[PDB]
Structure formats: structure tokens, C-alpha cells
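K.L.:
Here we go, the starting part of the complex in its complex frame:
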Amino acid sequence: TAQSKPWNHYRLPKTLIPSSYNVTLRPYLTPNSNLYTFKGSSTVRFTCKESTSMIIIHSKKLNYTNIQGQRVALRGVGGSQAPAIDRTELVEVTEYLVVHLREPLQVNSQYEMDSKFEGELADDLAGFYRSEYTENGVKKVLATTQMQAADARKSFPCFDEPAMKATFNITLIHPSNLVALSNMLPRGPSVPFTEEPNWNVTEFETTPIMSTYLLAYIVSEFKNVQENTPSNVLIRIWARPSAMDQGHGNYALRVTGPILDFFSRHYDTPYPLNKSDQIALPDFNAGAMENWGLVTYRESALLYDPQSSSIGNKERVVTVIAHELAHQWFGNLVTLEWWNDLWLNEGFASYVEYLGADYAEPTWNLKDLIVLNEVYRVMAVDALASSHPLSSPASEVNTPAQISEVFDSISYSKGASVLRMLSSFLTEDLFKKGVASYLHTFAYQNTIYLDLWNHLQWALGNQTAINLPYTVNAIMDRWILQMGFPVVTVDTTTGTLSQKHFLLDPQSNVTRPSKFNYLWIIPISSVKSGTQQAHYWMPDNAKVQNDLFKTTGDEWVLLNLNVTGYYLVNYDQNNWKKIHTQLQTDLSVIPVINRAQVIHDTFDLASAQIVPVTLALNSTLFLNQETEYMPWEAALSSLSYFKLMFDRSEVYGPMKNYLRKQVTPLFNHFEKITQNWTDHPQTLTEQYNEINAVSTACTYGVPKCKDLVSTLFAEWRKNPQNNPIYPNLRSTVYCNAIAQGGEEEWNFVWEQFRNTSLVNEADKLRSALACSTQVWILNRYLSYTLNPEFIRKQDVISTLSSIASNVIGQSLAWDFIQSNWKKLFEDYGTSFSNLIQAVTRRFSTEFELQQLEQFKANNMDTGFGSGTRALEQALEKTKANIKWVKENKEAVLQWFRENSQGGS
């Protein structure tokens, strides 16, 4: 049947396995009279494993210059006589080039296939593509390559399946004015192209065995900062000439060396290649790609300006460098057979990125923010009936579109969360030994997740100290083959633990089936009244008992120490109180990561109606004695919804006075350590809580905070060119200054916004202009949006959603979006979903729901475009918001009023 035909199946036939490729590409970076275009020529050598009469290879958007009769030519290595090509056909859907042969190929015989082709160097961010940038008014264009998944076939005919690894000989014909880069260093110095002497020919060294998706070739006029490591590896940081002249990519050079060294010792495997080129591209939506030896990055993730960039950027560059460098071993040396297992590659790197970044910047304690940035991030989505298992059968991922769906928060963050739990029971040193065992045994090869488990189990067998009650395969099967995470409820009177699938909706329709009936094997580290207890292993059973969790009197138990595991913990009311009294009597006894747990967990349990909302708010009482970031951020994140629903309500006064009483101590703490806000801290966590202290103390009415904003802004208005405000506190001071002032302040920030070149500062000033308390100023600012000479097209959605955040601007913006819907949909519907989510985020009344419903009917003919799901989603959120307010408004008001004096 036609359906049976091998060319109509997405997955490649395993009759031909490739050996090596010879790919020669010529990027034409000058527009054609009609399109930027690239010309190529490839020669692949393959071995027949099973006799077939047809060569099926991947080809996407490639026009072919016919060699002799057909598109390709076939030759034979050894005595192999190549069969004649009867006909060549191109299937577009499955992206294939089917070469029908007159006589079948021979088993275990090698053949070579030549091809000459041409394609479009379009701005598609896929394959050999062009990245356009404007430098000093001159529009310059560079040729770069994103080959992830399907895109490599777009540039050269290849077997684009990660399991079909091969060695590649990349040759580049580029203009002599521009530089040529690839995965490997050039074989020799560039030699001019004989046929056209305005071009050079860079032929690179042969690539190690590697997957087609990790290939890269970039032709650009970029510049570099070099550095040879003690391990004899060349580290080059490439970027636009302007950025390198300003020394923006020097932090990247300062950390790349130490990071590669750490991973070399951690994995016990020397860096496979000798070069680590890291390029920063102007427009890189992907953020970063782990191309081997040519890691492409977005300018915001490799470059750091120490005079304008906040510490948030210093964290992004050091951690993203640690992630794409971890892939050079785990993901590039030992790749994975298919994308059904993409979670292991991205999850492992998303965990070891914090390890490598801690080596580079050890003062920051980054290994503790994985709970906040990765675990807590993914739990919000894994606690829904719409989530998905980490691992799916390989047969389920076939379509290029199905391959892209594997790239999500579950695979990256929950993957890391599950692999951090492994490195907890397995003891890390054993975990390192197994990973090393895996990278040494399966080097230059492809693997199954079982292949890692096997090596990590063998590591335990070569040991007698750590003994696990179950196999590594089974323990992890519960976390990778089923969705969601468990909530452990411990009745301390009887010592009975219970597990249940945690879903944030009180009423939820989990329809997805599980082989383990939504019961997990949970590693349970516990503490009894400050002293660590023995480790526990709760089975895949709903309820069990153990005297480890049986308290008497003032004895309190706290589980998931340091949040190593991927589960929520609930105790009996009495034990919660004993934990809350300890957080008041003395908090140091409870670790910082567990002090955030008692906040995140309680609020998440309250959303599911497992515990009352009063218990969640109770967890925010020890914060008048807290100077740490994680416990404070966990509260400010959870109390954001409270503010969104109550900022325009009767109960905001009590809320503001409570959070003022609780933030006043924190503000005074930083005021002291910073000598009246002069000498700022040097640890990422502390610098972050300083922003939280300043911003929170201000939006809740701390007198001194208003004086600090006024002073800093006053000094800035004088001497405008030199800015006194610290890069980190600039955004808060700017927003506050605009809200505290009027037209003169707004007109200043607007003039500076229209004069600033740095997108970093422009966005800070633009988002600050939306904080105005004047109605007429906000409406004028809203009319500035309609004109693209005042606000860029891409800045419009973030400008509108910022005005909507102002309590005064919510009404003004909703009105503006309804009245200008057609124009906004015709431009952003083709991003817009997020606008209809930023606005309609506070919607909490039946009257607002009616307005949303009436608007849907009115603008049905125009249509909601990309946010059609979002307009429906906003209705469902508003309805869910109306329910929460009705059932929690009175309790929240009473609690805030009662605890208005802060905590003891």
C-alpha cells in the first residue's frame, strides 16, 4: 500500500547507516535581483546493513543541480559496484529524497553519494539561515546555523536522526572580509577561492563522530577574545565588533575556562575536542544551542556590561554557559537514540549547570536556587491534569512537530528535579562514578535512559556503604513513566505517612492512566526537632507507618530536607504549629530551603483546599526575622495572586499594613549592611533580596524607602549622563520615582528613554513610565503605543501589559485594548495571547466576567487570532477567580486584620 511505503513513514529505514560526510557550502550574503541564497555540495559514505533497492535520505527545501541523469550520483567504495539510478523522487511531508535504483544494493558493502544543491539563506532561524543586524546605521547580515532536530536536512542531504552519528568534513566558501567558523578548527590557513578571488576557502578539520543536529557553520565579520586553558584547549568568545570593543564578552571568557575544567574532573572525561568557540548572535530566539565547539548564544546570555547590566544578567550568562558546556559531554559525546529521551539530556544539564556555575562563582551559593528556579517552577505545571510523563515510548514521537513538543518545562525542570533526587539517594560520588562510567563506555555512541541507570546501579554494586531498598530502574520508573508528583501527609500522632497525586485544582479530572496507579516510591529524609533522622524509603503504597514520624510533646518533624525530593509535604495541624513556633522561637534550626518549603507548600496546599488559606498566610509570619532570599521570594511569589485579586478591594489596606510590618525589619537590615544604601552586597542571593527589600518596602508604604527613591532620582536628574542608581535597584527607583512624582519626572524618564541605546535601560525606563498615578499621563502613554516611532512594535505588548499592572491603568488599558483590538490582532495575532493574560489577570467579579463575555460576542467577526484560546482561558480564569475571592475574602481580611502588628 502507499501508506506502507518507507518514504511515507517519518522514521528512517535502518537499511543504510552513514559513515562520514563531505559538506561544502557557499553562503551568498548579498541579495539576488529577485533572495539571499546558499549553494552546497555534499558527499556521504554509507554502508548497507540490509539489501534495499532505494536510498531514503532527508532533504528539506533543497533544490538539486542534476548530476548526469538525476539529482544525485552513486559510486562505490572498495569493489562495490554502484547500481544505476532509475529515478529520483522528493517526498515533501516526510522531508525525504528517495533514490530508486535499478538493481538492489549489497549487504555490508560501502557506497558514496554525491549531490549538488542550492537553498535559501532565509531568516527562518532554521538550518543555514541569515541573521540580520543594524550596527551604526549600517544593516549587516551574517550566516549562522541552527540544526536542532529536523533543520540539518534543510542545509545538506543527510540522515537527520540523532542515532545515525558520523564524521563530517565541513568546507566553507565565504567572502574574504568575513570569518569562517565551524565545530572544528580549520585544517590549514584560509586559501583564496581560485574561481572568484574576492572569496576565501576555509576547510575545517574532520568532526568527531557526532549527530547531524550538533553541526554548526557561521560566516560573520565578528571579533573574539582568546584564552588557552592549562589543559591546552582554545577558548574564544565571539560577538559583534561593537560588543567586543566595549569588552562586553569578557565575563564569558573569565568563567568558560574554570567551567570546562570542573566538568572534565566531574565527568572524569577530558574535553572531547580542543576548541570551545562561543558566539553571541544578535537575534537568537533559541537562547542557546550546544553545537559542539561552536556554541551559539543570544547576546543577552553571553555578554555582560558591568556598567549597565544587573546581577540577574551575571547569573544568566554563568548558568547558561555551564548548561551548554555540560552538553559537550552529556549530550554530544554520548547522545541519545531519540527525542523520547530528550528529558535526560536537558534535565541532567539543567541540574549540573548550577554545579558548574557554583565552581565559577562559589560566593553565590547557586546550587540552592535549583529548588526555586527549577523544581518550584515545574511543579506549578506538573500539578495539573494536563501535564505529561517525563518519558514516553519512542514510537510516540515521530512528527517533527511531535519532536518539538518534547522541548518543555517537564523535560528540562522536572527532568533536573528527578535527577537531583537520584544524586541524593545515590550519594553524588556514586552518581558521578556512574555518569563517568556511562560517558567512558558509550562514548561516540547513542544511549537509552536504561543505559545510564545500569551504570549507576553498577556503581552501587562496586560499593558496600550505600544500599538502596529497590533498583535504580524501578525507583525512577515511578517518576519518569507517570505524570505529577505526590503530597506526603504525615499524621504525627500515629506516625502514618500518606501519598496522593497533588493537583492544584480542588476539583480536577485526571483522565491520563498510570501503571503505578499514581503512587510513587518516595525517598524521605526527615528531621525530628532539629536533629537529622535516618533516611526513609516510602513504598508505592497509599499509606504506611513508621515510628520515625511519631512525635510526642514538643517533638516536631520536617520532611524533604533541602527539597532534594520531588514531592510536597503536609503535616497535622499540631506539627505545623510546632514548626511555626520554631520559626518564631528560633528559625536557624530549620534550613533556609525548608523555610521556603513551609511557605510554598502551604500556599500550594491551600490552592488545592487541603489546608486552610490561614495556614499559608501563617507561614509568612517568621519573615520579620528572615534576611534570606528563598524564604522571602517564596512568599512574595505566592502573595502576588492575593495582591492581584485584592489591590482594588476592601482588604488591601490590612494586607499592605501587614506586609509593611514584615518588610520593615528586612529594609532596615539592608540599610545597615549597605551603610545607608551606599556599599551594596556581593552575593547573588543577597543582591536579589535587596531588590525585594527595596521594592516591597516601597509598594507597601515604608517612609524611608520613599526618601531613598526621592534622593537617588534627584541626584540622577542633576548630572543625567552619569547615573548614581545601582544597576540592580534602577528598575525599582525608576518605577517608584514616576509613581511618586508627576509630569516633570515622566517627561525626564521619557526623554532618557528616547536617548538610551542600551535595550537593558530602555526597557527599565519604558516599564517605569507605566507606573504613573496620573490618569491623563497613562492615557497619553497608551496613545504613544499606537505609533511605532515612539514605542517599537515588539515593545508594544510589554508596554500595554505594564500599564495594565498599574491599579489605575487596569481600566484604562482594558478599554484601550477593546477599542484598538483590530489593530493589535492584525499585528500580534500572527505574543497577543500574553496581552489578554496580563490584562484580565485581576478579573475577579461577576461584573468583569460579563464585560469579557459581551466583548467576545462583539469582536467575534474580527476574531481573537492566537489568543482565541486565551480569551476562552480568561473566562475560565475569571470564573475560577470569582470562586476563590468568594470563599477566601472574609478569612483573608480577618487574618490580615488580626496579624496587622506583624509577627512576634
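P.N.:
Everything's here; your move. Numbers count the residues shown, from 1 in each chain, chains lettered A, B, ... in the order given.
K.L.:
Could you identify the helix or strand that succeeds the helix or strand hosting residue A:714?
P.N.:
For residue A:714, the element it lies in under DSSP states H and E is helix A:703-717. Of the helices and strands lying after helix A:703-717 in sequence (DSSP H and E), the nearest is helix A:730-740.
K.L.:
which residues sit against stretch A:704-721?
P.N.:
With Cβ atoms under 8 Å, 6 or more residues apart in numbering as the contact definition, stretch A:704-721 has outside contacts at A:667, A:671, A:677, A:694, A:697-698, A:723-725, A:729, A:732-734, A:736-737, A:740-741, A:745, A:748, A:752. Using the backbone N, CA and C atoms, a C-beta is placed for each residue, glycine as well.
K.L.:
Apply 7 Å and report the result again.
P.N.:
Contacts to stretch A:704-721, defined as Cβ atoms under 7 Å, 6 or more residues apart in numbering, come from residues A:667, A:677, A:694, A:697-698, A:723-725, A:733, A:736-737, A:740, A:748, A:752.
K.L.:
Name the nearest residue to residue A:724, ignoring sequence neighbours.
P.N.:
Taking Cβ to Cβ, 6 or more residues apart in numbering, and ignoring the residues beside it in sequence, residue A:724 has residue A:715 as its nearest neighbour in space, at 4.5 Å.
K.L.:
scratch that, residue A:388 is what I was asking about
P.N.:
For residue A:388, ignoring the flanking residues on the chain, the nearest one in space by Cβ to Cβ, 6+ apart is residue A:483 at 5.6 Å.
K.L.:
Now do the SS call for that neighbour.
P.N.:
For residue A:483, the assignment made with DSSP: H, G, I helix; E, B strand; the rest coil gives coil.
K.L.:
again with residue A:489
P.N.:
Recorded secondary structure, residue A:489: strand (three-state DSSP).
K.L.:
okay but it is in contact with residue A:498, surely?
P.N.:
Yes. Taking contacts as Cβ atoms under 7 Å, residue A:489 lies within contact range of residue A:498: 4.4 Å.
K.L.:
Of the two, which one has the most company?
P.N.:
Looking at residue A:489 and residue A:498 with other Cβ atoms under 10 Å, you find the greater number of neighbours at residue A:489, namely 19 against 16.
K.L.:
On the strand side of things, show who the more buried one bridges to.
P.N.:
The residues paired with residue A:489 through beta bridges, assigned by DSSP bridges, are residue A:498, residue A:570.
K.L.:
Relative to residue A:710, how far out is the residue nearest to residue A:723 when sequence neighbours are not counted?
P.N.:
If the residues on either side of it in the chain are set aside, residue A:723 comes closest to residue A:716, at 5.7 Å by Cβ to Cβ, 6+ apart. Residue A:716 sits 11 Å away from residue A:710 when distances are taken as Cβ to Cβ, to the nearest Å.
K.L.:
following sequence is chain B, place it on the structure:
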Amino acid sequence: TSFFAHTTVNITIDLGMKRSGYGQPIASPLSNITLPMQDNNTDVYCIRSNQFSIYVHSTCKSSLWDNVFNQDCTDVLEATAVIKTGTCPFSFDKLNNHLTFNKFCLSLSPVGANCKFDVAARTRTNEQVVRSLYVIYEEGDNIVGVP
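P.N.:
One more piece, chain B, placed on the ones above:
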């Protein structure tokens, strides 16, 4: 090199002043003391003369958040170095007065420091200690100082 001579020791104390978040004058620890050069070393200067004179040269500079002192002090920030007595039985003024000592060495390093003077910045509003100047002294009459 004659013991019987007058050696003038010029303590150049470059002063670093940073403006506070509430506009207050804040004195940075990054302010630097430059002792006269001796034995190819600015860290320590030992008096090798019967008569000595210790004089203070003070320069005020201003930094912003950067901690790079690129400009001159203006308004509240401006200040002048004042070497407070600190942990010593003698004031910086007493030394240039009729005071006799067998050996007198001013060092920026606390190694061998028999005593330590506290260098401060005196803004119209307040005087804030910045760095400390260590002194190693031996009681005697071989060396004395005066204006």
C-alpha cells in the same frame, strides 16, 4: 645619608568619598595612604635622622556606585584627612611636638605593629574612620621631631 639631618615624612592620604542613598557623606575604605618611599618600598618608612617632621597631604575624590574615583568631591562629599590618635599613647600632633623615640616606623601592614593610628575623613557633618596606619616605636632619645 646623614643621621644628623631633618627628614620630612609627607603622609599623602588620598581620600575616597561616596554619596549615600540619602545624600549623606560616606567615607570609602578604598582611600589610600602613600608613605614616602624607602628601601624601594612605599609600605613602610623608618626615620633614619635625629630630627623628623610628619606632615599630612590630603586629596578628596568621588566615585558613584562604580567605586572608581573619577571626579572631585562636591558639596557634602568634600572632606580632609584627620589622623586620630587611635590605640596610641601619643597623638599625631605630639610626635611633631617635643617627643623622643629610639626608632619610629609607619607601616600600612599590621605586622609588628606596636600601635595603630586611625586615619579618618572629616566631612562638615561627621568624621568617619577609613584606613588604619600602624606605628612600630622604640622608647629612647636618639631621634626627636619638631615643626
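K.L.:
Same as before for the contacts of stretch A:704-721, with chain B this time.
P.N.:
The list of residues contacting stretch A:704-721 from outside it, by Cβ atoms under 7 Å, 6 or more residues apart in numbering or on different chains, reads A:667, A:677, A:694, A:697-698, A:723-725, A:733, A:736-737, A:740, A:748, A:752, B:19, B:21-23.
K.L.:
List buried members of the residues you listed by neighbour count.
P.N.:
Buried residues within the contacts of stretch A:704-721, defined by neighbour count using 16 or more other Cβ atoms under 10 Å in any protein chain shown: A:667, A:677, A:694, A:697-698, A:723-725, A:733, A:736-737, A:748, A:752, B:19, B:21-23.
K.L.:
Tell me who's in contact with residue B:122.
P.N.:
Residue B:122 makes contact with B:79-80, B:82 under the criterion Cβ under 7 Å, 6+ apart.
K.L.:
so which of those comes closest to chain A?
P.N.:
For chain A, the closest of those turns out to be residue B:79, at 14.6 Å, with distances computed as Cβ to the nearest Cβ.
K.L.:
I'd like the distance between residue A:229 and chain B.
P.N.:
From residue A:229 across to chain B, the span is 30 Å (Cβ to the nearest Cβ, to the nearest Å).
K.L.:
so what's the closest residue to that residue other than its chain neighbours up against?
P.N.:
Using Cβ to Cβ, 6 or more residues apart in numbering or on different chains and skipping the chain neighbours, the partner closest in space to residue A:229 is residue A:257 (4.9 Å). The neighbours of residue A:257, taking Cβ under 7 Å, 6+ apart as the test, are A:227, A:229, A:235.
K.L.:
Now whichever strand or helix holds residue A:257 - C-alpha only, PDB.
P.N.:
When secondary structure is defined using DSSP H and E, the element that contains residue A:257 is helix A:250-266. Output for helix A:250-266, consisting of C-alpha atoms alone and laid out as PDB, is shown next (Å, rounded to 0.1, in the frame of the first residue of the first chain):
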ATOM      1  CA  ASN A 250      34.900  39.300  28.900                       C
ATOM      2  CA  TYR A 251      32.900  37.800  31.800                       C
ATOM      3  CA  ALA A 252      32.200  34.900  29.500                       C
ATOM      4  CA  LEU A 253      35.900  34.400  28.900                       C
ATOM      5  CA  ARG A 254      36.600  34.700  32.700                       C
ATOM      6  CA  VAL A 255      34.200  31.700  33.500                       C
ATOM      7  CA  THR A 256      34.300  29.400  30.400                       C
ATOM      8  CA  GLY A 257      37.800  28.100  31.400                       C
ATOM      9  CA  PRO A 258      37.000  27.100  35.000                       C
ATOM     10  CA  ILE A 259      33.700  25.600  33.900                       C
ATOM     11  CA  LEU A 260      35.200  23.200  31.300                       C
ATOM     12  CA  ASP A 261      37.800  22.200  33.900                       C
ATOM     13  CA  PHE A 262      35.100  21.400  36.500                       C
ATOM     14  CA  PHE A 263      33.200  19.200  34.100                       C
ATOM     15  CA  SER A 264      36.400  17.500  33.000                       C
ATOM     16  CA  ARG A 265      37.100  16.400  36.600                       C
ATOM     17  CA  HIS A 266      33.400  15.800  37.500                       C
END
